[PDB]
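Chemist: starting from these lines, generate the structure:
(3 chains, ligands or ions: 13)
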Amino acid sequence: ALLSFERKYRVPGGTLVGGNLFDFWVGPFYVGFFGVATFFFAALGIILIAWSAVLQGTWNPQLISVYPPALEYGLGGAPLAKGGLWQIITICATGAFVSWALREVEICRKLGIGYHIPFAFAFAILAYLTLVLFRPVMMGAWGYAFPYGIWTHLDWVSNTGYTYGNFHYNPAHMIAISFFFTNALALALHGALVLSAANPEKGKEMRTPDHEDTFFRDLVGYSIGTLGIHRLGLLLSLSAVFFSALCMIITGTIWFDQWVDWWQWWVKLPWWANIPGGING
Amino acid sequence: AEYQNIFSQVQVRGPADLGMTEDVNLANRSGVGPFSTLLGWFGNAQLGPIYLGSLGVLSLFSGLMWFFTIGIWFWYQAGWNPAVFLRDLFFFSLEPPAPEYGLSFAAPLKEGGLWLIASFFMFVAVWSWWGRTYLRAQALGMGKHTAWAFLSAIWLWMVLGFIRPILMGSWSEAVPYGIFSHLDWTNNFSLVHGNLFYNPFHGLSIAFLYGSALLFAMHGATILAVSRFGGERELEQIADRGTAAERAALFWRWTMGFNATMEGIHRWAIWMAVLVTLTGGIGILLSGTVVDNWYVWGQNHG
Amino acid sequence: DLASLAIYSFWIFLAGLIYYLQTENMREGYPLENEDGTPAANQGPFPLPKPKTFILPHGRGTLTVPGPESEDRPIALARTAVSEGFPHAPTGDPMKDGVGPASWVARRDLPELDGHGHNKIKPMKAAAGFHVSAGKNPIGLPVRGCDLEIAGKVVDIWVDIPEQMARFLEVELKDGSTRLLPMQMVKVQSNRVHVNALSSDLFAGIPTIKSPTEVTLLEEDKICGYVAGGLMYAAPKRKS
Ligand code: BCL
Ligand code: BCL
Ligand code: BCL
Ligand SMILES: CC[C@H]1c2cc3[nH]c4c(c3C)C(=O)[C@H](C(=O)OC)c4c3nc(cc4[nH]c(cc(n2)[C@@H]1C)c(C(C)=O)c4C)[C@@H](C)[C@@H]3CCC(=O)OC/C=C(\C)CCC[C@H](C)CCC[C@H](C)CCCC(C)C
Ligand SMILES: CC[C@H]1c2cc3[nH]c4c(c3C)C(=O)[C@H](C(=O)OC)c4c3nc(cc4[nH]c(cc(n2)[C@@H]1C)c(C(C)=O)c4C)[C@@H](C)[C@@H]3CCC(=O)OC/C=C(\C)CCC[C@H](C)CCC[C@H](C)CCCC(C)C
Ligand SMILES: COC(C)(C)C/C=C/C(C)=C/C=C/C(C)=C/C=C/C(C)=C/C=C\C=C(C)\C=C\C=C(/C)CC/C=C(\C)CCC=C(C)C
Ligand SMILES: COC1=C(OC)C(=O)C(C/C=C(/C)CCC=C(C)C)=C(C)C1=O
Ligand SMILES: CCCCCCCCCCCC[N+](C)(C)[O-]
Ligand SMILES: CCCCCCCCCCCC[N+](C)(C)[O-]
Ligand SMILES: CCCCCCCCCCCC[N+](C)(C)[O-]
Ligand SMILES: CCCCCCCCCCCC[N+](C)(C)[O-]
Ligand SMILES: CCCCCCCCCCCC[N+](C)(C)[O-]
Ligand SMILES: [Fe+3]
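Modeler: Numbering: from 1, shown residues only, chains lettered A, B, ... in the order given. Ligands and ions are numbered 1, 2, ... in the order given. Let me share the structure:
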C-alpha cells in the first residue's frame, strides 16, 4: 500500500477545511474534505445518469444520453425526464471537478509543492463551463449546451459547427488548433529528447542536458532548455484550451453568421478592395 | 503573491556555449547567433550554433524551392500585383492535377505540373530533414527517439500527399497548397467519406491529441511545481532519484492512485504524442481505399 | 474487413503498450510496502519489469532498476492510529529531522557534473565570466523572512554553468556564515529579496554545505526540502 519512499511524506497537515477530520488515505488515495465532496458529487451524478438511463430505456454505454432542456425552457428549470436531470448532473459534474481541483490543492500543501497542477486543471474546468454554463447563459438557453452521451455529444459538435458553415474559419479556433498541434509536436520532442539522452547508443554512458541543448542547437539552431520546455508545454496546452473556450464563447453571441464571411473585412479594405485580378476580383 | 517560475527573475550569461563535441564534425557548426534577452525570460537566451552539413543544405534548399514554387504560383494568380497578393494571400491555392491525369506526370504546368514539382521539393526536404534528426543524434551518441517520433508525423503527411493518392490512382486526391484551400480540402474529405466522426481511428487520434494536451499540462505543471527541488534536471533525477521526483510521483499517486517515474513519464509522453499521427494516418489511409463511408461502415461495425 | 482487422489489432496493441508503460513506471518505489517497511501483501496486477542498467558518466558507476529499495536514512515519524492509512506525526522537529514537506532523499553526496565532468553548479564569483545579464541583480540586497525581519544579505548567485541559469542565492547570516536559498523560493524586489517560506529565525537551521564552492546532490536535497518545509512548519510565524 505505500511506495518504498512514501512514508516520510505522509504527515498531518495541509487541509483547507476540517482540520484533521478527513486527513487520511484509502490505499494510495488521499481523502481530505474535498475527497469526500468529490465522492458525493460523483456518486450523485452517476446515480442520476443511471436514473436518466432508466427513463430513456437503455443500459447501453453507446446509447445512454442525457440531454439538456429543449430551447423553449430558456434558462428555467425543466421536468427531470425532460432536461432537469441534465441540469442536476451538470451541478454535480461542476462540484466534482472543482472539488477534485481543491483536493489537489490540499495534496500540494501537504507535499510542499507549487500549485501549478490544479491551476492548470482549472483551465479544463473553465472550458467545460464555457460549453455548459457561460455560453448557454449568454445565448439564453440551457439547450445550447451539449448532451452527455458518447455519440450524442459528437452529434452536438457536428451540428453546432455546421450552424456557422465550415467552423475551420473561426479565427480563435485556428489559433486553438495551432496550439494543440504545436503542443503535441513539443510533447513528442520532449519525450524523445529526454529518452534519447537517458537511453543512448548501446554501451554508452547516459548523456547530459548539455547534450540535449547540443542536439537541438545542431538540429534547428536553438534549444529552449530544460526549464523552458516544461514552461512551454504548460503554456501551449493551456493556450490551446484558453483559445478553445474563447472560440466558443464568441460563437452564437458576438458572431453568429457564417465564419467564412468574417474574413471579408480584410478583402474589403478600401486600398485594395476594387483592384481587379486575383481570387476576389 | 509567491514566485511561480513561469518567467525568470534574473538572467545570467557566460561564455557562448559551443556544445558537446562527441563525434560531431565541428567544421560544420556555425558560430553562435545573437543572445536574446527577450527569449531568456522564458527559455535560453542563446541562439546557435546550428549544424550545417551537406544534407542540411539539401533540405533547406529543397524546402525553400517548395516554398518559392507555391509563392511564384501565388504571384501569378495575383496577376503580379503586390496589393492583390496581400489581399488574396489566404485564398490562393496550388492544386494537384485533375483526376483525368491519374498518376502521370503529364499534366501541364498551370494545371498540376507545378503542384508535382512543389511536392517533389517537399518530399526531399522532409526526408532529408528526417535523415538529419537521425544523424545529429548518432553523432552525439544519443538514442534515435527523435527520428522515430518524427517518422510518426511523416507517416500522416506521406499518407495524405503520397501513399493514399497512389492507392486511389490519382494525384487529384492529394492536398492543395493553400491556407484556406487546405481547410476546404479537410472539410470536403470528411463530407465525402460519410463524416470522420464515424472513423474509429479519427476518434482515437482525437483522444491522443486531447490526451497530449492533458499530459503536457500535467507534466509541465508537475515539473514547475517541483522546480524548487530541482525537478527539471530530469536526467540526474533518473540516475539518482531526489525529493523532486518523489513528491511529483506522490502528488499523482495520492490524486489518482498511480504515478510515473522521472524516466517513465517521458515514455507516456512520447507515445501519447506519436499515437496522434499513427492512428490518424491509418484512419486516412483506409478512407476511400477500403472504406468509402465511415457512417455506413460503422452500421455494420465492419 | 481490413478496417475491422486494423481496429481490433490496434486495441490489442494498445493494451500491450499500456502494460509496457505501466511496468516501465514501476522501476522506482516498488515493491509496495506496509507502513512498517515490510513488503505489502497486495502488489497489484502488474509485475516488476526485468532490470535495466544506466551507465553513468565520469566514473560514477551504474544504476540498475528495479533494485533493492531503502531509504538509507532514519525517518523520525510515528503512527497516530492503530490501523493503516492515517498520518504519521513527527517525533521531533520535522524541519530539523527532514520529514513531511521538509523531506530530503539520500542522494549521492557528490555534485552533479556537466558534460565535461566539471561541477554543474558554482558560485558566480568562481564562474568565468558569468554575470547577471537582465533583471534586478539580487547581490547585495537584504533578505527578509515571512516574519518580516531581515535574516541576512545576498552575497552571490550560484549558477548552473551548462544551462546558464540562476539556481541559488547565497545568503550571509548575522554570524558571517552563509546558506543557499533555492532561486524558485525567493522574490527579488527593488529593495530586498523576500522569502515567504522561512521566518528569519529559521535561516540558521538551513542545512550547510561542506565545501564553500560546490554543493552535492545530497546537500541540495536537504536545503530545498528544508526551505519548502517552512511553508507548512513556519505558518505560525507568518503573517499577513
Ligand atoms: C464539424 C465540426 C467542426 C468543429 C466544430 C467545433 C465545435 C462545436 C467545438 C470545437 C472545439 C474544438 N475544436 Mg473544432 N471543429 C471542426 C474541426 C476541428 C479540427 C480539424 C482537424 O478539422 C480540429 C483540430 C479541431 C479542434 C478544436 C479544438 C480547438 C476544440 C476541442 C478541444 C477543447 O475544447 O478542449 C477543451 C476541453 C474540455 C471541454 C474537457 C473538459 C473536461 C474536464 C473539466 C473534466 C472531465 C473529466 C471527467 C468526466 C472524468 C471521467 C472519470 C474517469 C475516472 C476519467 N476542430 C469541424 C470544422 N470544434 C470545441 C471547443 O472549443 O470547445 C471549447 C467546440 O465546442
Ligand atoms: C472537447 C470539445 C468537445 C468534445 C469533442 C469530442 C470529439 C470530436 C471527440 C471526443 C471524444 C471523446 N470525448 Mg468529448 N468533447 C467534449 C467534452 C467532453 C467531456 C467533458 C467536457 O466532460 C468529456 C468527459 C469527454 C469525453 C470524451 C471521450 C468519450 C472521448 C475521448 C476523449 C479523450 O480521450 O480525451 C482526452 C483525455 C484522456 C485521454 C483521459 C481519459 C478520459 C476519458 C477516456 C474519460 C471518458 C469519460 C466518459 C466515458 C464519461 C463518463 C463519466 C462517468 C459517468 C464518470 N468529452 C466537448 C463537447 N470529444 C472522441 C470520441 O471518440 O468520442 C466518441 C472524439 O472523436
Ligand atoms: C470538417 C472537418 C472534419 C475533420 C476532418 C479531418 C481530416 C481530413 C483529418 C483530420 C485529422 C485530425 N483531426 Mg479531424 N475533422 C473533424 C473534427 C475534428 C475535431 C473536433 C470536431 O473537435 C477535432 C479535435 C479533430 C482532430 C483531428 C486530429 C486528431 C487529427 C490531426 C492530427 C494532427 O496532429 O495533424 C497535424 C499533423 C500533421 C498533418 C503532420 C505534419 C507532418 C510534417 C512532415 C510537416 C512538414 C511541414 C513542413 C515541410 C513545413 C515547414 C514549415 C515550418 C515553418 C518550417 N478533428 C471534422 C469531422 N480531421 C487528420 C487525421 O489524421 O484524421 C484521421 C486528417 O487528415
Ligand atoms: C487544460 C489542458 C488539458 C487538461 C489539463 C488537466 N486535466 C486534468 C488535470 C489537468 C492539469 C488534472 O490535474 C486532472 C487529473 O487528475 O488528471 C489525471 C485532470 C483531469 N482531466 C480529466 C479528463 C479530461 N481532460 C480533458 C482535457 C484537458 N485537460 C485539456 C486539454 C478531457 C478532454 C479533452 O475531453 C478529458 C476527458 C480527468 C482524467 C481528470 C479529472 C478527473 C476528475 O475531475 O474527477 C472528479 C470527477 C469524477 C471522478 C467523475 C464525475 C462524474 C460526473 C459527476 C458525471 C459525469 C458528467 C459528465 C459531464 C458526462 C460526460 C459524458 C461524455 C461522453 C461527454
Ligand atoms: C508526432 C505528432 C506531431 C509531430 C512530431 C514531430 N514533428 C517533427 C519532429 C517530430 C518528433 C521533429 O523531429 C521535426 C523537427 O525537426 O522538429 C523541430 C518535426 C517537424 N515538424 C514540423 C512542422 C509541423 N509538424 C506538424 C505537427 C506534428 N509533428 C504532430 C502534431 C505540423 C502540423 C500540425 O501541421 C507542422 C506544420 C517542422 C517544424 C519539423 C520538420 C522540418 C522539415 O521537414 O523541414 C523541411 C523544410 C525545410 C528544411 C525548410 C523549409 C522552408 C520554410 C517553408 C520557410 C523558410 C524558413 C527557413 C527555415 C529560413 C532559412 C533562411 C536561410 C537562408 C537563412
Ligand atoms: C513574398 O513572396 C515570396 C518571395 C516571399 C514567396 C512567398 C511564398 C508564399 C506566399 C508561399 C505560401 C505557401 C503556403 C500557403 C503553403 C501551405 C501548405 C499547406 C497548408 C500544406 C498542407 C498539406 C500538405 C501535404 C499533406 C503535402 C504532402 C506532400 C507529399 C507527401 C509529397 C508527395 C510527393 C509527390 C506527389 C511527388 C512525386 C515525386 C516522386 C517520384 C518521389
Ligand atoms: C530536455 O529539454 C528540452 C529542451 O531543452 C534541452 C529543449 O530545448 C527542447 C527543444 C525545444 C523546442 C524548440 C521545441 C520544438 C517545438 C516547436 C515550437 C517547433 C526539448 C524538446 C526538450 O525536451
Ligand atoms: C454518459 C455516458 C455513459 C457512460 C458509460 C460508461 C463508459 C463506458 C465506456 C464505453 C465502453 C464501450 N464498450 C467497452 C462497452 O464497448
Ligand atoms: C525553430 C527555431 C528557429 C531557430 C532560429 C535559427 C537561429 C540560428 C542562428 C545561427 C546563425 C548565426 N550566424 C548568423 C552567426 O551564423
Ligand atoms: C480509463 C479510465 C480507467 C480508470 C482507472 C484508473 C487507473 C487507476 C489505477 C489505480 C488503482 C488503485 N488501487 C491501488 C486501489 O487499485
Ligand atoms: C500513451 C498511451 C495513452 C493511453 C491513453 C488511452 C486513451 C484511449 C482513449 C479511450 C477512448 C477511445 N475512443 C473513445 C477515443 O475511441
Ligand atoms: C491512460 C491509460 C490508463 C491508465 C490507468 C492504468 C494504470 C494504473 C495501474 C497502476 C496500478 C498502481 N499499482 C497497483 C501498480 O500500484
Ligand atoms: Fe520532462
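Chemist: after the longest helix seen in chain C, which helix or strand is next?
Modeler: Longest helix in chain C, counting residues (DSSP state H): helix C:2-24. Per DSSP states H and E, the first helix or strand lying C-terminal to helix C:2-24 is strand C:52-56.
Chemist: how about that following strand against chain A, any contact?
Modeler: Yes - using CB under 8 Å from any CB of the partner chain, strand C:52-56 reaches chain A at C:54, C:55, C:56. (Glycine included, C-beta is placed from N, CA and C.)
Chemist: for the longest helix of chain C, buried residues please.
Modeler: Within helix C:2-24, the residues scored as buried using 16 or more other CB atoms under 10 Å in any protein chain shown are C:3, C:6, C:7, C:10, C:21, C:22, C:23, C:24.
Chemist: can you pull the domain assignment for the chain?
Modeler: Unless you meant another one, I'm taking chain A. According to curated CATH domains, chain A comprises the domains A:1-163, A:164-263.
Chemist: please go with chain C instead
Modeler: Using curated CATH domains, chain C is parsed into the domains C:2-106, C:107-239.
Chemist: for the stretch 51-200 of chain A, which segments count as strands?
Modeler: A:65-66, A:148-149 (DSSP state E, counting those that start in this stretch).
Chemist: among those strands, which comes closest to ligand 8?
Modeler: The closest of the strands of the stretch 51-200 of chain A to ligand 8 is strand A:148-149. By CB to the nearest ligand atom, the value is 4.6 Å.
Chemist: how far away from the center of its chain is that closest one?
Modeler: 16 Å (CA atoms, centre = their mean, to the nearest Å).
Chemist: helices or strands up against it?
Modeler: Applying 3 or more CB pairs under 8 Å, 6 or more residues apart in numbering or on different chains; DSSP states H and E, we find strand A:148-149 packed against strand A:65-66.
Chemist: which residues sit against the strand it packs on?
Modeler: Strand A:65-66 is contacted from outside by A:49, A:52, A:56, A:85, A:86, A:89, A:147, A:148, A:149, A:150, A:151, A:152, using CB atoms under 8 Å, 6 or more residues apart in numbering or on different chains.
Chemist: can you do 10 Å?
Modeler: A:45, A:48-49, A:51-53, A:55-56, A:58, A:83, A:85-90, A:147-153, A:155 (CB atoms under 10 Å, 6 or more residues apart in numbering or on different chains).
Chemist: Throw together a ChimeraX command that grabs the buried residues out of those residues.
Modeler: Here is the ChimeraX command that selects the buried residues among these (16+ other CB under 10 Å):
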select /A:45,48,49,51,52,53,56,83,85,86,87,88,89,90,147,148,149,151,152
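Chemist: wait, what's in contact with the nearest residue to residue B:41 once chain neighbours are set aside?
Modeler: In space, and not counting its chain neighbours, residue B:41 is closest to residue B:7: 4.8 Å by CB to CB, 6 or more residues apart in numbering or on different chains. For residue B:7, the contact set (CB under 10 Å, 6+ apart) comprises A:231, B:40, B:41, B:42, C:135.
Chemist: also residue B:196?
Modeler: A:158, B:186, B:189-190, B:202-203, B:205-206, B:283-284, B:287, B:294-295.
Chemist: kindly report the residues of chain C close to ligand 11.
Modeler: Residues of chain C lying close to ligand 11 (CB under 6 Å from any ligand atom) are C:17, C:18.
Chemist: let me redo that: the stretch 101-250 of chain B
Modeler: So the stretch 101-250 of chain B meets ligand 11 at B:203, B:204, B:207, B:211 (CB under 6 Å from any ligand atom).
Chemist: which one of those has the most neighbours?
Modeler: Among these, residue B:204 has the most neighbours (other CB atoms under 10 Å in any protein chain shown), with 22 neighbours.
Chemist: whatever helix or strand it lives in - contacts with which helices or strands?
Modeler: Applying DSSP H and E as the criterion places residue B:204 in helix B:200-225. Packing partners of helix B:200-225 (3 or more CB pairs under 10 Å, 6 or more residues apart in numbering or on different chains; DSSP states H and E): helix A:116-129, helix A:171-198, helix A:226-249, helix B:243-256, helix B:264-286, helix B:294-299, helix C:2-24.
Chemist: of these, which approaches residue C:73 most closely?
Modeler: With CB to CB as the criterion, residue C:73 lies closest to helix B:243-256 of the helices and strands packed on helix B:200-225, at 11.5 Å.
Chemist: and the closest one, which residues are buried?
Modeler: B:243-255.
Chemist: now stretch B:133-149
Modeler: Quick answer for stretch B:133-149 (16+ other CB under 10 Å): B:133, B:135-149.
Chemist: among those residues, which ones are in helices?
Modeler: Those of these lying in helices (DSSP H): B:133, B:135, B:136, B:137, B:138, B:139, B:145, B:146, B:147, B:148, B:149.
Chemist: contacting residues for the third one?
Modeler: Residues in contact with residue B:136 (CB under 10 Å, 6+ apart) are A:214-220, B:24, B:51, B:53, B:55-56, B:142, B:146-147.
Chemist: from ligand 1, how far off is the closest residue to it other than its chain neighbours?
Modeler: Using CB to CB, 6+ apart and skipping the chain neighbours, the partner closest in space to residue B:136 is residue A:218 (4.7 Å). Applying CB to the nearest ligand atom, to the nearest Å, the value for residue A:218 to ligand 1 is 31 Å.
Chemist: does residue A:218 touch residue B:29 like I think?
Modeler: Yes - here residue A:218 lies in contact with residue B:29, judged by CB atoms under 10 Å, at a distance of 7.3 Å.
Chemist: write out the residues of the stretch 101-250 of chain A neighbouring ligand 5.
Modeler: Residues of the stretch 101-250 of chain A lying near ligand 5 (CB under 6 Å from any ligand atom): A:181, A:184, A:185, A:188, A:189, A:192, A:219, A:220.
Chemist: one more time with 5 Å, if that's ok
Modeler: Residues of the stretch 101-250 of chain A found near ligand 5 (CB under 5 Å from any ligand atom) are A:181, A:184, A:185, A:188.
Chemist: now the second one: how far from residue A:226?
Modeler: According to CB to CB, to the nearest Å, residue A:184 and residue A:226 sit 20 Å apart.
Chemist: ok, the closest residue to ligand 2 within the stretch 201-302 of chain B - contacts?
Modeler: With CB to the nearest ligand atom, the shortest gap between the stretch 201-302 of chain B and ligand 2 falls at residue B:203, namely 2.8 Å. By CB under 10 Å, 6+ apart, the residues touching residue B:203 are A:150, A:151, A:154, B:196, B:197, B:279, B:283.
Chemist: next, count neighbours for residue A:82.
Modeler: So residue A:82, with other CB under 10 Å, has 14 neighbours.
Chemist: ok, and the closest non-adjacent residue to it?
Modeler: In space, residue A:82 is closest to residue A:69, 6.7 Å off (CB to CB, 6+ apart).
Chemist: now do residue B:286
Modeler: residue C:3 (5.1 Å).
Chemist: right, and the one you found touches residue B:282 too?
Modeler: Yes - the criterion here is CB under 10 Å, and residue C:3 meets it with residue B:282 at 9.1 Å.
Chemist: who touches both of the two?
Modeler: By CB under 10 Å, 6+ apart, residue C:3 and residue B:282 have these common neighbours: B:199, B:200, B:201.
Chemist: out of those residues, which comes closest to ligand 1?
Modeler: residue B:199 (12.5 Å).
Chemist: so what's the closest one up against?
Modeler: B:190, B:193, B:205, B:279-280, B:282-284, B:286-287, B:291, B:294-295, B:297-298, C:3, C:7.
Chemist: that older thread, any residues in contact with both of residue A:218 and residue B:29?
Modeler: Counting by CB under 10 Å, 6+ apart, the residues touching both residue A:218 and residue B:29 are B:19, B:48, B:49, B:50, B:51, B:52, B:53.
Chemist: tell me the SS of residue C:231?
Modeler: At residue C:231 the chain is in helix, as set by DSSP: H, G, I helix; E, B strand; the rest coil.
Chemist: neighbours of it, how many?
Modeler: There are 24 residues near residue C:231, going by other CB under 10 Å.
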